[PDB]
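Undergrad: Take this structure, written in structure tokens, and hold onto it; I'll ask about it next.
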Amino acid sequence: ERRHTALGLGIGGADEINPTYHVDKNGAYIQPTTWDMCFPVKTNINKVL
Amino acid sequence: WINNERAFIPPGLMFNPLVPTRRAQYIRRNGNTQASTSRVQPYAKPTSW
Amino acid sequence: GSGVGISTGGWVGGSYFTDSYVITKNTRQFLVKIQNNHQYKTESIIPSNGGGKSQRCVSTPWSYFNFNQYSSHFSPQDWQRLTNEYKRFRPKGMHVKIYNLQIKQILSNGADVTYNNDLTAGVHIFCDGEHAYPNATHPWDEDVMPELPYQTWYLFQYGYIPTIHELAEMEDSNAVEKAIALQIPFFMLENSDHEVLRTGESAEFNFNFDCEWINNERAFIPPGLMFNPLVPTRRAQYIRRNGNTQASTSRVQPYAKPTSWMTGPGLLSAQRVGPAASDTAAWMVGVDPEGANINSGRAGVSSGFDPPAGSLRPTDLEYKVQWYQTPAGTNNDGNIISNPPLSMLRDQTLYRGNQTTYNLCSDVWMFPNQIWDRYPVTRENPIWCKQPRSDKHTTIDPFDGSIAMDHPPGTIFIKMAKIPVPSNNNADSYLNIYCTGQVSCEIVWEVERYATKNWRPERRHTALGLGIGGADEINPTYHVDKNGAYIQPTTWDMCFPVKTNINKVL
Amino acid sequence: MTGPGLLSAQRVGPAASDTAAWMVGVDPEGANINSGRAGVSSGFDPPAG
Amino acid sequence: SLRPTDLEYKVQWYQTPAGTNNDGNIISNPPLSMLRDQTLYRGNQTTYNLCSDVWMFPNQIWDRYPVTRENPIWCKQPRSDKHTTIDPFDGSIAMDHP
Amino acid sequence: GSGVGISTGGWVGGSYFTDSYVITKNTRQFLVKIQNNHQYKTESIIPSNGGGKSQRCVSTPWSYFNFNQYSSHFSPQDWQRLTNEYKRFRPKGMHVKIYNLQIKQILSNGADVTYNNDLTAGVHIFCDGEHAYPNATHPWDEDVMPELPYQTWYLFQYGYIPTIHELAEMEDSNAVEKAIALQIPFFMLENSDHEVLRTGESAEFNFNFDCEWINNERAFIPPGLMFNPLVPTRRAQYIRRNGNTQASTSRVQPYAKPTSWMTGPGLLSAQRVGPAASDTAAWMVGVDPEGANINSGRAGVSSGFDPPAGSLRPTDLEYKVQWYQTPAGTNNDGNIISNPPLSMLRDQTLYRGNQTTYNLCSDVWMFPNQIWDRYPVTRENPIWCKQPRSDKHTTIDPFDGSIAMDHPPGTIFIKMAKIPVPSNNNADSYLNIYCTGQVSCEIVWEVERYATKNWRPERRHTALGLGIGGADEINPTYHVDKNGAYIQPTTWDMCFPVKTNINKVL
Amino acid sequence: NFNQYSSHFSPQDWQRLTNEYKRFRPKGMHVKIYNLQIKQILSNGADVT
Amino acid sequence: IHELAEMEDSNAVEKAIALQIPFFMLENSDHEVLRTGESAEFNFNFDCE
């Protein structure tokens, strides 16, 4: 099946440096840039209809 | 409830493609191509959903 | 009290009618083959032409019992005495029992195929019952329990569709199709635990129904005709100018009166598309993410909704439910089609006003105060369907008349225990066997009979409506051929629809 | 969302007869039935809700 | 449901109180569930044509908008005489008293 | 309640997860051959080229069950839900049951090989359990329980090495080799008492584990990085003159700080030797008494230690653990190799200072304050190994990740009871039979799940990392082929190593 | 305003929820307000005591 | 380590090491706040040597 890894995630900061949810240099709280980081529900596990 | 689950198939794909169905499809003339009826194939099947 | 030469259970049959319930008992003979060499083999089927309609499916060594149809559980006698005499009925509970197994070895020396017995070989029997596996079954498919007993019942192979073959074709690309391909379930009935049986053993299963009532009643008037024509109403109708004819208001007559109740929903627009085979629906329900490639046309993406009409008086042959009644052929025969029950529910219409005369409203969606009744069932219909689990749904009735329920009777799966044979290189080489046994399905039907204040006789299913058939014409519809056979009902209304008789005051 | 209602079409025909703009009725095939749509159906007024 | 076919039918938010035109904005994607992402396509005669407006119809089956960490939890269902089935299309849980 | 036509037990399967434990249930089909004509036959094998590597071994009529691997007891589903969601796990106890035996006679008239049943023939079943006999088993060998059920399981012949073939060659001489030859054990499983079974019987066995925890956690920093860079330290570093640059002392900076903890042990020096086959290790552990003659070179005397590295970042392909994942071939495919888990434990290095720059320290023996973690396990690894009984030993972890324990689960041995046939001269001439049955291994796993104060998401095994494969590419990694098959995982990190996800604060 | 998930879950904790669980709904809420301070702003001009 | 997730050009090795990184906040745990009229005490035991 499927899980939310966080190997899907971005890089960000003043310089790119540290990862998505971490913190900036300086800064800040690095925001998730896109989907599917923010980790939607219903994208993983499974069910038989 | 917030349901975290994934459906791997649409509700219309629930059936066994190996099994013949007893059902008939009728089609008009058009456009030459004489109107005819035949039984729907095993791989295709009408969904109620 | 047990052993090889001791039968496990006896034959059971016959229907037993009471006022509050009916018990139908059916025993039949089955056999089970090897089915795939015991492997799995996801096929990627495809029709070839016209396509695409590409479903890949999967195969299993397993076979399954399909009890879903009325003609399996009722004789045309017993199901007339039910249609007649009773208004509501629903299945209360099911009890299935498998016993008197045999499990014989096939011997091919070439021709003459010895068929000696094999005592120690087993048979796997698994009843899902929680619907943890794909449901198999589905309505209207052949493989159901034989309508006529004394007929052996050949079980069918179990398979399921793991995903759409389009959408994970995958061609060139994608990471959309690739993500859809890489997520795909693979189910194995061996993950569950089940029972193996030798020839001196048996298995029994119980099922209960939540379900819903099947209403056998007829409406002699539409819900819009409920009123007293003798009584004046205080109401006013205003009409525009047109078209000279000065605009005016007046009170609506006693014989006419506005109804608060609306035609049931149904979709009469569009029409079927494409060659035979391929897929022909007129409504194709599907799923198409963006960046999905997917090549071949709309057929491969979607399934199709037929019958679209529900209520609404289909206006064409191709909106009706139609089936062949026999596994053998054909183009035009025999095919039962369908007819209006003559109930004033169903057979509905809308016709919005416009200005002069009227125009039919083809697509009727849900609207408040819509009132209809479910498709009139017949002896040949499936009993139930499985309602797929989902967050949200609208009101549930399928347009084929089946009873959708959350948990139907769990599918009972069966296969031949694999007996390998040795080889120098350790190659598959199973031993070739089959099994034969007796399934007895005894289901209890919660039933309610009727009382009416009508003076007149109403209507019944006579069987003087019925056909003639055979080698020569000779003997009647449900009887037997010469030779032969089981003479099939040719048309409606033989098969005896529900809702065509009795009556109810709306 | 806005509640349901049908604002399309409009009433038809002379006074008396039947004037609705939505005529709910039943018309089996092979039913003959002669005179026009009024006799078959009742009419839904008020359509608007 | 229905596979919006365009950017402007999707749910889209900025994730930050500060700006901007194009950034950062999360937009939205199909969950890859086979529920949602649906389509209709009535038949016509040759090929098919998409059905744009799908109202309620019997036997419709879908699932609610796939939630995310950034979604609101609940919304308030307004008190009224009549209502149809209740799910909001932003995935919130409507309840009588939040 | 028993007999020929009564199955002894049913099929059992499926994993059951809780917070404190997991129960994996697996049933499979096996068969057992005659194996040697029932004789023993010490072979003196030899590879021929390149040699010598001469092991003589022995053969037995016996076959054995090998349950040692994770992929046998876990589905890739269930073993992901384990890798994810849990930090520690170890097997608590095992329960094995053998039942539903068949025991059929092979009939060769020539071709067509009848395979009739034989009711009165028996099957010998012996569970060692005290390890009074050579252990068989050993890690990483094929013959393990089939990863995928519904696959028949062909047991393998039991043999053991009574001694080194060199050192008791013996050639000319010796009284050293002769004393080593003349002392040699000969083990016969018939000396022990065991059970014989006919087709209506069964055997069950229980096992308990002392074992050790398998730690699934990741270290985000080395043990040397544990400190606060913001805080000044009171410490001094002295440096010699070289090379002008007058010798001086100064306090070590806040960002740098001496660690009390050392790189784990491992041997990175030398490298493999010799042609394929023969023996290629780079470390050959052996025994060579004086006056032993022994002819051919170092290969025949010794075994070889691979993997030598343990921790230490192997620096080369040939220090990594590598396996083929399939019994069929090949040179380059498919072979899984191995990767760094990205844990900061493992992947270590030493680099002694010298004067300018640094030089890698190849051989790292035990030293105080060494801290490492065991090889990251995967679905395809063996579970346990047997720790050999000896007076003294150092700390025990094997570098393949197995759990060494004093008494592993005792090997269960099985063979076909010999049915002789008469002859005029009284010659061996056994009757040719085999057996087939069902083993169900149900093992309980003591399990502990995790709680972390980390804010960030960490890491999981998605299966969006996974490959595509089949006849055509088509369907995904663990699924099934067209046709076919079971698609194998091609590389890391599919097979889902432990220690690559979650986290721990050192 | 307490209405959002990212307020009540860390991206860690809300992954362990998305993963590992199928259904979830809030059962009940308990809010507490405490450690109040209530300071006076003093504008003499700048320096805002 | 700042090396090993520098990350420079490349990598998916350094990027995987960067994207996995813990961020700890003592506010995730619950603790005590104290005003000038309060106190806190703690006990510790040693295994040690």
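Each chain in the structure tokens gets a letter, A, B and so on, in the order shown; residues start at 1 in every chain, and ligands are counted from 1 in the order they appear.
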Compute the set of chain F residues within 6 Å of chain H, using only C-alpha atoms, and express it as JSON, numbers by chain.
TA: {"F": [454, 455, 456, 458]}
Undergrad: Find the residues of chain E in contact range of chain B, meaning any atom within 7 Å when counting only C-alpha atoms, and list them as a ChimeraX atom specification.
TA: /E:33-35,59-61
Undergrad: Can you pull out every residue from chain H that DSSP, working from the backbone, puts in helix (DSSP H, G or I), and format the result as a list in words?
TA: residues 14, 15, 16, 17, 18 and 19 of chain H
Undergrad: Give me, as a ChimeraX atom specification, the residues of chain G touching chain H, with the criterion being at most 10 Å (counting only C-alpha atoms).
TA: /G:10,12,35
Undergrad: Put those residues in a file: N, CA, C and O atoms, as a PDB file, in the first residue's frame.
TA:
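Produced file out_6.pdb, reproduced below:
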```
ATOM      1  N   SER G  10       0.923  18.097  15.480  1.00  0.00           N
ATOM      2  CA  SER G  10       2.203  18.352  14.862  1.00  0.00           C
ATOM      3  C   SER G  10       2.284  17.548  13.579  1.00  0.00           C
ATOM      4  O   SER G  10       1.570  16.559  13.419  1.00  0.00           O
ATOM      5  N   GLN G  12       4.518  15.540  12.773  1.00  0.00           N
ATOM      6  CA  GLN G  12       4.769  14.201  13.291  1.00  0.00           C
ATOM      7  C   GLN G  12       3.474  13.512  13.669  1.00  0.00           C
ATOM      8  O   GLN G  12       3.113  12.477  13.104  1.00  0.00           O
ATOM      9  N   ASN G  35      -3.453  32.115  33.866  1.00  0.00           N
ATOM     10  CA  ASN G  35      -2.211  32.883  33.916  1.00  0.00           C
ATOM     11  C   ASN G  35      -2.353  34.227  33.217  1.00  0.00           C
ATOM     12  O   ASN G  35      -1.532  34.613  32.386  1.00  0.00           O
TER      13      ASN G  35
END
```
Undergrad: Which of these, E:1, E:39, E:21, E:12, has the shortest distance to chain C once you count only C-alpha atoms?
TA: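 Of the candidates, the smallest distance to chain C is held by E:39.
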Undergrad: Taking only C-alpha atoms into account and nothing else, which residues of chain D lie no more than 12 Å away from chain E? Please answer as a PyMOL selection string.
TA: chain D and resi 1-4+49
Undergrad: Write the residues of the selection above to a file with N, CA, C and O atoms, as a PDB file, in the first residue's frame.
TA:
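Output below, filename result-v4.pdb:
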```pdb
ATOM      1  N   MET D   1     -26.022  25.762  -0.554  1.00  0.00           N
ATOM      2  CA  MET D   1     -26.566  25.956  -1.886  1.00  0.00           C
ATOM      3  C   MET D   1     -28.026  26.378  -1.823  1.00  0.00           C
ATOM      4  O   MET D   1     -28.742  26.061  -0.872  1.00  0.00           O
ATOM      5  N   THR D   2     -28.444  27.130  -2.837  1.00  0.00           N
ATOM      6  CA  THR D   2     -29.845  27.471  -3.024  1.00  0.00           C
ATOM      7  C   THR D   2     -30.707  26.220  -3.036  1.00  0.00           C
ATOM      8  O   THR D   2     -30.367  25.221  -3.668  1.00  0.00           O
ATOM      9  N   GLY D   3     -31.841  26.285  -2.345  1.00  0.00           N
ATOM     10  CA  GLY D   3     -32.779  25.192  -2.320  1.00  0.00           C
ATOM     11  C   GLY D   3     -33.269  24.862  -3.711  1.00  0.00           C
ATOM     12  O   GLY D   3     -33.046  25.606  -4.663  1.00  0.00           O
ATOM     13  N   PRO D   4     -33.911  23.715  -3.863  1.00  0.00           N
ATOM     14  CA  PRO D   4     -34.347  23.288  -5.190  1.00  0.00           C
ATOM     15  C   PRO D   4     -35.621  23.976  -5.640  1.00  0.00           C
ATOM     16  O   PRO D   4     -36.452  24.401  -4.837  1.00  0.00           O
ATOM     17  N   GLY D  49     -41.211  26.269  -5.324  1.00  0.00           N
ATOM     18  CA  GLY D  49     -40.687  26.045  -3.993  1.00  0.00           C
ATOM     19  C   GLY D  49     -40.022  27.312  -3.507  1.00  0.00           C
ATOM     20  O   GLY D  49     -40.666  28.357  -3.384  1.00  0.00           O
TER      21      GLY D  49
END
```
Undergrad: Which chain A residues are at most 10 Å from chain H (counting only C-alpha atoms), as a PyMOL selection string?
TA: chain A and resi 5-11+16-23
Undergrad: Please determine the contact residues of chain F with respect to chain G at a cut-off of 12 Å, counting only C-alpha atoms, and supply them as a PDB file with N, CA, C and O atoms, in the first residue's frame.
TA:
```
ATOM      1  N   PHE F  17      -2.160  -8.012  14.587  1.00  0.00           N
ATOM      2  CA  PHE F  17      -1.364  -6.994  15.255  1.00  0.00           C
ATOM      3  C   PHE F  17      -2.051  -6.488  16.509  1.00  0.00           C
ATOM      4  O   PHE F  17      -3.257  -6.239  16.516  1.00  0.00           O
ATOM      5  N   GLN F  80       5.561  -4.253   6.509  1.00  0.00           N
ATOM      6  CA  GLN F  80       5.623  -2.799   6.518  1.00  0.00           C
ATOM      7  C   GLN F  80       4.945  -2.235   7.749  1.00  0.00           C
ATOM      8  O   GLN F  80       5.465  -1.326   8.398  1.00  0.00           O
ATOM      9  N   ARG F  81       3.762  -2.743   8.070  1.00  0.00           N
ATOM     10  CA  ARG F  81       3.059  -2.284   9.253  1.00  0.00           C
ATOM     11  C   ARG F  81       3.841  -2.580  10.517  1.00  0.00           C
ATOM     12  O   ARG F  81       3.560  -1.997  11.564  1.00  0.00           O
ATOM     13  N   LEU F  82       4.808  -3.483  10.439  1.00  0.00           N
ATOM     14  CA  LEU F  82       5.703  -3.795  11.542  1.00  0.00           C
ATOM     15  C   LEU F  82       6.905  -2.865  11.552  1.00  0.00           C
ATOM     16  O   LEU F  82       7.206  -2.248  12.575  1.00  0.00           O
ATOM     17  N   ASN F  84       7.264   0.063  10.006  1.00  0.00           N
ATOM     18  CA  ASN F  84       6.549   1.223  10.507  1.00  0.00           C
ATOM     19  C   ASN F  84       5.808   0.839  11.783  1.00  0.00           C
ATOM     20  O   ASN F  84       5.543  -0.330  12.040  1.00  0.00           O
ATOM     21  N   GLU F  85       5.506   1.836  12.601  1.00  0.00           N
ATOM     22  CA  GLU F  85       4.653   1.691  13.779  1.00  0.00           C
ATOM     23  C   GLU F  85       5.314   1.046  14.990  1.00  0.00           C
ATOM     24  O   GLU F  85       4.789   1.175  16.097  1.00  0.00           O
ATOM     25  N   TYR F  86       6.445   0.370  14.832  1.00  0.00           N
ATOM     26  CA  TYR F  86       7.048  -0.309  15.971  1.00  0.00           C
ATOM     27  C   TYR F  86       8.550  -0.094  15.981  1.00  0.00           C
ATOM     28  O   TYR F  86       9.185  -0.005  14.930  1.00  0.00           O
ATOM     29  N   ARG F 449       5.938  -0.515  20.577  1.00  0.00           N
ATOM     30  CA  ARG F 449       5.810   0.588  19.645  1.00  0.00           C
ATOM     31  C   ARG F 449       6.339   1.877  20.262  1.00  0.00           C
ATOM     32  O   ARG F 449       6.708   1.934  21.435  1.00  0.00           O
ATOM     33  N   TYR F 450       6.354   2.934  19.465  1.00  0.00           N
ATOM     34  CA  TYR F 450       7.201   4.079  19.747  1.00  0.00           C
ATOM     35  C   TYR F 450       6.377   5.312  20.078  1.00  0.00           C
ATOM     36  O   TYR F 450       5.212   5.434  19.704  1.00  0.00           O
ATOM     37  N   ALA F 451       7.013   6.225  20.803  1.00  0.00           N
ATOM     38  CA  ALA F 451       6.496   7.563  21.031  1.00  0.00           C
ATOM     39  C   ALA F 451       7.664   8.524  20.930  1.00  0.00           C
ATOM     40  O   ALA F 451       8.710   8.291  21.538  1.00  0.00           O
ATOM     41  N   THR F 452       7.497   9.592  20.161  1.00  0.00           N
ATOM     42  CA  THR F 452       8.584  10.517  19.896  1.00  0.00           C
ATOM     43  C   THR F 452       8.123  11.943  20.137  1.00  0.00           C
ATOM     44  O   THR F 452       6.948  12.273  19.966  1.00  0.00           O
ATOM     45  N   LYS F 453       9.056  12.784  20.565  1.00  0.00           N
ATOM     46  CA  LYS F 453       8.799  14.202  20.737  1.00  0.00           C
ATOM     47  C   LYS F 453       9.213  15.012  19.526  1.00  0.00           C
ATOM     48  O   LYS F 453       9.165  16.242  19.577  1.00  0.00           O
ATOM     49  N   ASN F 454       9.647  14.358  18.457  1.00  0.00           N
ATOM     50  CA  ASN F 454      10.021  15.068  17.248  1.00  0.00           C
ATOM     51  C   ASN F 454       8.823  15.824  16.700  1.00  0.00           C
ATOM     52  O   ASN F 454       7.688  15.355  16.768  1.00  0.00           O
ATOM     53  N   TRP F 455       9.077  17.014  16.176  1.00  0.00           N
ATOM     54  CA  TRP F 455       8.019  17.788  15.547  1.00  0.00           C
ATOM     55  C   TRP F 455       7.781  17.340  14.115  1.00  0.00           C
ATOM     56  O   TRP F 455       6.640  17.298  13.655  1.00  0.00           O
ATOM     57  N   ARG F 456       8.844  16.994  13.409  1.00  0.00           N
ATOM     58  CA  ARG F 456       8.801  16.743  11.981  1.00  0.00           C
ATOM     59  C   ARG F 456       8.326  15.333  11.655  1.00  0.00           C
ATOM     60  O   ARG F 456       8.248  14.467  12.522  1.00  0.00           O
ATOM     61  N   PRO F 457       7.979  15.083  10.390  1.00  0.00           N
ATOM     62  CA  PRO F 457       7.328  13.817  10.030  1.00  0.00           C
ATOM     63  C   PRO F 457       8.194  12.554  10.081  1.00  0.00           C
ATOM     64  O   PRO F 457       7.626  11.459  10.134  1.00  0.00           O
ATOM     65  N   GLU F 458       9.517  12.644  10.086  1.00  0.00           N
ATOM     66  CA  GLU F 458      10.403  11.459  10.032  1.00  0.00           C
ATOM     67  C   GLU F 458      10.218  10.756   8.689  1.00  0.00           C
ATOM     68  O   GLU F 458      10.196  11.429   7.650  1.00  0.00           O
ATOM     69  N   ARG F 459      10.114   9.430   8.647  1.00  0.00           N
ATOM     70  CA  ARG F 459      10.198   8.687   7.398  1.00  0.00           C
ATOM     71  C   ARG F 459       9.424   7.387   7.531  1.00  0.00           C
ATOM     72  O   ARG F 459       9.305   6.835   8.624  1.00  0.00           O
ATOM     73  N   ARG F 460       8.897   6.905   6.410  1.00  0.00           N
ATOM     74  CA  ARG F 460       8.168   5.651   6.369  1.00  0.00           C
ATOM     75  C   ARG F 460       8.519   4.915   5.085  1.00  0.00           C
ATOM     76  O   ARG F 460       9.159   5.464   4.188  1.00  0.00           O
ATOM     77  N   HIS F 461       8.112   3.651   5.011  1.00  0.00           N
ATOM     78  CA  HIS F 461       8.236   2.870   3.785  1.00  0.00           C
ATOM     79  C   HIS F 461       6.939   2.996   3.008  1.00  0.00           C
ATOM     80  O   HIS F 461       5.905   2.468   3.421  1.00  0.00           O
ATOM     81  N   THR F 462       6.993   3.696   1.882  1.00  0.00           N
ATOM     82  CA  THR F 462       5.762   4.054   1.199  1.00  0.00           C
ATOM     83  C   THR F 462       5.227   2.916   0.350  1.00  0.00           C
ATOM     84  O   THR F 462       4.059   2.544   0.473  1.00  0.00           O
ATOM     85  N   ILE F 502      11.637   5.876  11.616  1.00  0.00           N
ATOM     86  CA  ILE F 502      11.476   6.354  12.985  1.00  0.00           C
ATOM     87  C   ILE F 502      12.705   7.208  13.293  1.00  0.00           C
ATOM     88  O   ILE F 502      13.232   7.863  12.392  1.00  0.00           O
ATOM     89  N   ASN F 503      13.195   7.171  14.529  1.00  0.00           N
ATOM     90  CA  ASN F 503      14.279   7.992  15.060  1.00  0.00           C
ATOM     91  C   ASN F 503      14.428   7.681  16.536  1.00  0.00           C
ATOM     92  O   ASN F 503      13.506   7.175  17.180  1.00  0.00           O
TER      93      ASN F 503
END
```
Undergrad: Considering only C-alpha atoms, return as a list in words whatever protein or nucleic-acid residues lie within 7 Å of stretch 477-493 of chain F, sequence-local ones (same chain, fewer than 3 positions apart) excluded.
TA: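 In the requested format, the answer is residues 41, 42, 43 and 186 of chain C; 334, 336, 338, 339, 466, 467, 468, 469, 470, 471, 496 and 497 of chain F.
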Undergrad: Those same residues, written as an mmCIF file, in the first residue's frame with N, CA, C and O atoms?
TA:
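What landed in part09.cif:
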```cif
data_model
loop_
_atom_site.group_PDB
_atom_site.id
_atom_site.type_symbol
_atom_site.label_atom_id
_atom_site.label_comp_id
_atom_site.auth_asym_id
_atom_site.auth_seq_id
_atom_site.Cartn_x
_atom_site.Cartn_y
_atom_site.Cartn_z
ATOM 1 N N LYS C 41 -1.786 -15.235 -11.829
ATOM 2 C CA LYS C 41 -1.851 -14.797 -13.223
ATOM 3 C C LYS C 41 -2.722 -13.576 -13.520
ATOM 4 O O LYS C 41 -3.846 -13.738 -14.000
ATOM 5 N N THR C 42 -2.260 -12.361 -13.230
ATOM 6 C CA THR C 42 -3.005 -11.176 -13.656
ATOM 7 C C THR C 42 -2.912 -11.017 -15.171
ATOM 8 O O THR C 42 -1.822 -10.795 -15.705
ATOM 9 N N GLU C 43 -4.061 -11.029 -15.854
ATOM 10 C CA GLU C 43 -4.087 -11.311 -17.290
ATOM 11 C C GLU C 43 -3.753 -10.110 -18.165
ATOM 12 O O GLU C 43 -3.001 -10.248 -19.137
ATOM 13 N N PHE C 186 -3.218 -6.832 -3.947
ATOM 14 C CA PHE C 186 -3.170 -8.208 -4.392
ATOM 15 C C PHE C 186 -3.710 -9.053 -3.260
ATOM 16 O O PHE C 186 -3.132 -9.080 -2.174
ATOM 17 N N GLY F 334 18.857 -11.291 -10.651
ATOM 18 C CA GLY F 334 18.760 -10.070 -9.884
ATOM 19 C C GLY F 334 19.559 -10.262 -8.620
ATOM 20 O O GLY F 334 19.560 -11.344 -8.054
ATOM 21 N N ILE F 336 20.499 -8.134 -4.901
ATOM 22 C CA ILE F 336 19.972 -7.002 -4.155
ATOM 23 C C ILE F 336 21.075 -6.084 -3.646
ATOM 24 O O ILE F 336 20.850 -4.880 -3.485
ATOM 25 N N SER F 338 23.212 -4.043 -1.206
ATOM 26 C CA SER F 338 22.888 -3.440 0.079
ATOM 27 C C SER F 338 23.304 -1.981 0.036
ATOM 28 O O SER F 338 24.133 -1.577 -0.783
ATOM 29 N N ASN F 339 22.736 -1.203 0.943
ATOM 30 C CA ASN F 339 22.919 0.237 0.974
ATOM 31 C C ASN F 339 23.073 0.677 2.416
ATOM 32 O O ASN F 339 22.705 -0.058 3.339
ATOM 33 N N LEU F 466 9.225 1.622 -5.185
ATOM 34 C CA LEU F 466 9.036 0.245 -5.630
ATOM 35 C C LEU F 466 9.225 0.269 -7.136
ATOM 36 O O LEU F 466 9.217 1.330 -7.764
ATOM 37 N N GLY F 467 9.388 -0.919 -7.712
ATOM 38 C CA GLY F 467 9.658 -1.061 -9.120
ATOM 39 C C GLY F 467 8.458 -1.566 -9.898
ATOM 40 O O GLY F 467 7.355 -1.725 -9.388
ATOM 41 N N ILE F 468 8.714 -1.828 -11.170
ATOM 42 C CA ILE F 468 7.710 -2.347 -12.081
ATOM 43 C C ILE F 468 8.342 -3.540 -12.784
ATOM 44 O O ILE F 468 9.556 -3.573 -13.007
ATOM 45 N N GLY F 469 7.535 -4.540 -13.100
ATOM 46 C CA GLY F 469 8.096 -5.753 -13.661
ATOM 47 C C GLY F 469 7.024 -6.715 -14.115
ATOM 48 O O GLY F 469 5.847 -6.585 -13.768
ATOM 49 N N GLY F 470 7.458 -7.682 -14.901
ATOM 50 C CA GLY F 470 6.577 -8.683 -15.458
ATOM 51 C C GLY F 470 7.077 -9.076 -16.831
ATOM 52 O O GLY F 470 8.198 -8.755 -17.212
ATOM 53 N N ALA F 471 6.225 -9.791 -17.565
ATOM 54 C CA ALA F 471 6.522 -10.076 -18.964
ATOM 55 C C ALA F 471 6.703 -8.759 -19.706
ATOM 56 O O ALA F 471 7.822 -8.383 -20.067
ATOM 57 N N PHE F 496 12.318 -3.027 2.329
ATOM 58 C CA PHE F 496 12.011 -2.197 3.488
ATOM 59 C C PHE F 496 12.909 -2.429 4.695
ATOM 60 O O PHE F 496 12.436 -2.905 5.723
ATOM 61 N N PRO F 497 14.183 -2.063 4.635
ATOM 62 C CA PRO F 497 15.071 -2.282 5.780
ATOM 63 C C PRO F 497 14.507 -1.702 7.070
ATOM 64 O O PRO F 497 13.776 -0.711 7.063
#
```
Undergrad: What are the residues of chain C that have an atom within 6 Å of an atom of chain A, counting only C-alpha atoms, as a VMD selection string?
TA: chain C and resid 183 388 to 389
Undergrad: Between atom CA of residue F:414 and atom CA of residue F:126, what is the distance in Å, rounded to a tenth?
TA: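 Separating atom CA of residue F:414 from atom CA of residue F:126 is a distance of 6.3 Å.
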Undergrad: Neighbours of residue E:98 within 9 Å (only C-alpha atoms; same-chain residues fewer than 5 positions away dropped), as a ChimeraX atom specification?
TA: /E:74-77
Undergrad: Pick out the closest residue to residue F:99 from this set: C:203, C:144, C:68, C:196. Count only C-alpha atoms.
TA: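 Ranking C:203, C:144, C:68, C:196 by distance to residue F:99, first place goes to C:196.
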Undergrad: So what do you get for atom CA of residue A:27 versus atom CA of residue E:23, distance-wise?
TA: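 Result for atom CA of residue A:27 versus atom CA of residue E:23: 17.8 Å, one decimal.
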Undergrad: Write down, as number ranges by chain, each residue of chain D that has any atom within 6 Å of an atom of chain C, counting only C-alpha atoms.
TA: D: 9-12, 16, 21-26, 42-45
Undergrad: I'd like the neighbourhood of residue C:11 as a PyMOL selection string, where a residue qualifies if any of its atoms comes within 12 Å (using only C-alpha atoms), though same-chain residues fewer than 3 positions away should be ignored.
TA: chain C and resi 7-8+14+25-29+97-100+149-150+437-442
Undergrad: Show me, as a Markdown table, the residues of chain E having an atom within 8 Å of chain G, each with the closest atom pair and its distance in Å, using only C-alpha atoms.
TA:
```
| residue | atom | partner | partner_atom | distance |
| --- | --- | --- | --- | --- |
| E:68 | CA | G:5 | CA | 7.8 |
| E:69 | CA | G:6 | CA | 5.1 |
| E:70 | CA | G:6 | CA | 5.4 |
| E:71 | CA | G:4 | CA | 5.6 |
| E:72 | CA | G:4 | CA | 3.9 |
| E:73 | CA | G:4 | CA | 5.0 |
| E:74 | CA | G:3 | CA | 6.6 |
```
Undergrad: What does the distance from atom CA of residue C:64 to atom CA of residue C:157 come to in Å, to one decimal?
TA: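 These two atoms are separated by 6.9 Å.
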Undergrad: Compute the set of chain E residues within 10 Å of chain C, using only C-alpha atoms, and express it as a PyMOL selection string.
TA: chain E and resi 1-6+29-51+54-65+84-87
